[PDB]
Amino acid sequence: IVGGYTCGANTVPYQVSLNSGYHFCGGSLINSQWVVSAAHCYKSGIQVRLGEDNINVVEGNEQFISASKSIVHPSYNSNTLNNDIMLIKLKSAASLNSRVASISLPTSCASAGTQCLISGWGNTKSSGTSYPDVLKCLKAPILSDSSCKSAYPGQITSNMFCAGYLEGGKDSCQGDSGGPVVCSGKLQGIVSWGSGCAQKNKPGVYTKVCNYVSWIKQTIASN
Ligand SMILES: [Ca+2]
């Protein structure tokens with residue numbers, strides 16, 4: 001997260017870190033046994049780390065649980081990042097409490113102008129590299145479909161929305177991928193892609209979660 005703020009420990013209780021020896025992507029806990037992340041975060045050997053603030057210090061609220069199964073969206077295209085969503089089932093159920101909690105799925109899509117909270121352990125510089133140990137946050141609005149398409153000609157599908165600031169300076173970044181965009185208490189987006197980070201006229205691009213709720217629910221019901 002570029003241009004954000006320190007969230008505060010365990011204030012984003014649905015935020016997870018995906019670990020394969022190291023933090024490599026975010027995710028969102030959607031019930032005691034399932035995480036939503038970005039398909040471009042897929043790899044084998046995932047440990048899901050819940051209840052994290054400092055990802056380099058054991059602070060006392062962590063739950064570390066191996067993935068038992070990963071399910072990349074059937075229609076994920078890694079070239080276009082269309083359908084950039086995956087589900088991860090945990091080998092055991094998380095213990096849910098105030099610091100480790102699921103985030104509600106949307107019943108309806110969000111609209112341009114709604115403010116949302118984007119979070120993660122990704123890069124904090126736009127012309128630099130610095131990776132934080134503690135969770136970072138950014139409040140940002142959803143942008144219009146037309147401004148999104150104008151920023152990224154020929155690239156925005158019906159499964160993508162933009163959020164952030166066209167002026168630059170405030171965005172998600174490398175290492176935030178797979179993490180949440182939460183708007184009025186609902187998971188509306190997944191950190192997906194963008195040209196650089198926090199560049200002028202290059203807002204963040206997010207997977208549009210509301211398009212996937214039917215797939216999420218049926219997948220959970222049969223797995
Ligand atoms: Ca920790």
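Sequence positions, counted from 1, serve as the residue numbers for this chain. Reckoned from all heavy atoms, side chains included, excluding hydrogens, waters and symmetry mates.
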Testing the basics here: between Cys162 and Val205, what is the closest heavy-atom pair and its distance to 0.1 Å? SG-CG2, 4.2 Å

Around atom CZ of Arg49, are there more than 12 heavy atoms from other residues, nucleotides or ligands closer than 6.0 Å? yes

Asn223 and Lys69 side chains, donor-acceptor separation under 3.5 Å: yes

Say whether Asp84 and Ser192, considering side chains only, have a donor N or O and an acceptor N or O under 3.5 Å apart. yes

So, does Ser147 use its side chain to make a donor-acceptor pair with the main chain of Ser144 at under 3.5 Å? yes

Would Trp193 and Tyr152 count as a close aromatic pair, with their ring centres under 6.0 Å? yes

Ignoring hydrogens, what is the shortest heavy-atom contact between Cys197 and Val2? Give both atom names and the distance. CB-CG2, 4.1 Å

Given the rule in the side chain to side chain contact (heavy atoms under 4.5 Å, CB included) test, do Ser126 and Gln199 qualify, once you have shown the distances and angles that lead to the verdict? CA-CA 7 Å; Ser126 56; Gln199 301 300 294; 3.7 Å; yes

Flag, side chain of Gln188 to backbone of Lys186, donor-acceptor distance under 3.5 Å: no

Under the 3.5 angstrom rule, does the side chain of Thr114 hit a backbone N or O of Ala110 as a donor-acceptor pair? no

With rounding to the nearest 0.5 Å, note down the distance linking CZ in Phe64 to CG in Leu90. 13.5 Å

Under 3.5 Å, is there a donor on one side chain and an acceptor on the other for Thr157 and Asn82? yes

Under the 3.5 angstrom rule, does the side chain of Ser222 hit a backbone N or O of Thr219 as a donor-acceptor pair? no

Pair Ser66, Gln47: side-chain N/O donor-acceptor within cut-off below 3.5 Å: no

From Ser17 atom OG to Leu50 atom CG, the distance as rounded to the nearest 0.5 Å: 9.5 Å

Indicate if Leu87 and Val209 have the same hydrophobic cluster label, given that clusters are the connected sets of ILVMFWY residues with side-chain heavy-atom separations under 4.5 angstrom. yes

Look at the side chain of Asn123 and the backbone N and O of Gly128, then say whether any donor-acceptor pair between them is shorter than 3.5 Å. yes

Which atom names give the shortest non-hydrogen contact between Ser28 and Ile103, and what distance separates them? CB-CG2, 4.1 Å

For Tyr22 and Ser20, does a side-chain donor sit closer than 3.5 Å to a side-chain acceptor? yes

I'd like to know if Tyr131 and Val191 are part of one continuous hydrophobic network [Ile/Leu/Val/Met/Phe/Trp/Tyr, side-chain heavy atoms within less than 4.5 Å]. no

Hydrophobic cluster identity match, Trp34 and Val182, side-chain contacts under 4.5 Å: yes

Side chain of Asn77, backbone of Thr80: donor and acceptor closer than 3.5 Å? yes

Taking every heavy atom of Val16 against every heavy atom of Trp121, the minimum-distance pair comes out as O-CZ3, 3.7 Å

On a heavy-atom basis, which atom in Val72 and which in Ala39 lie closest, and how many Å separate them? CG1-CB, 3.8 Å

When you check the side-chain N and O atoms of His40 and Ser78, is any donor under 3.5 Å from an acceptor? no

Exam field: side chain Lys208 to backbone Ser158, donor-acceptor pair closer than 3.5 Å: no

Hey, quick one: are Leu18 and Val58 part of the same hydrophobic cluster, counting side-chain heavy atoms closer than 4.5 Å, chains of contacts allowed? no

Would the distance check show the side chain of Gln15 and the main-chain N or O of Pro13 forming a donor-acceptor pair, the cut-off being under 3.5 Å? no

Looking at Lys125, I'd like to know if its NZ atom is crowded, meaning that more than 12 non-hydrogen atoms belonging to other residues, nucleotides or ligands lie closer than 6.0 Å. no

Side-chain contact, heavy-atom cut-off 4.5 Å: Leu187 with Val181? no

Donor-acceptor contacts under 3.5 Å from residues 132-141 side chains, at least two apart:
{"unit_1": "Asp133", "atom_1": "OD1", "unit_2": "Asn56", "atom_2": "ND2", "d": "2.7"}
{"unit_1": "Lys136", "atom_1": "NZ", "unit_2": "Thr6", "atom_2": "OG1", "d": "2.7"}

Parallel, tilted or perpendicular, judged at 30° and 60°: which one describes the rings of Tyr212 and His73? perpendicular

Can a donor-acceptor pair be found, under 3.5 Å and without considering hydrogens, that links the side chain of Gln63 to the backbone of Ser95? yes

With hydrophobic residues grouped by side-chain heavy-atom distances under 4.5 Å, do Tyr206 and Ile142 end up in a single group? yes

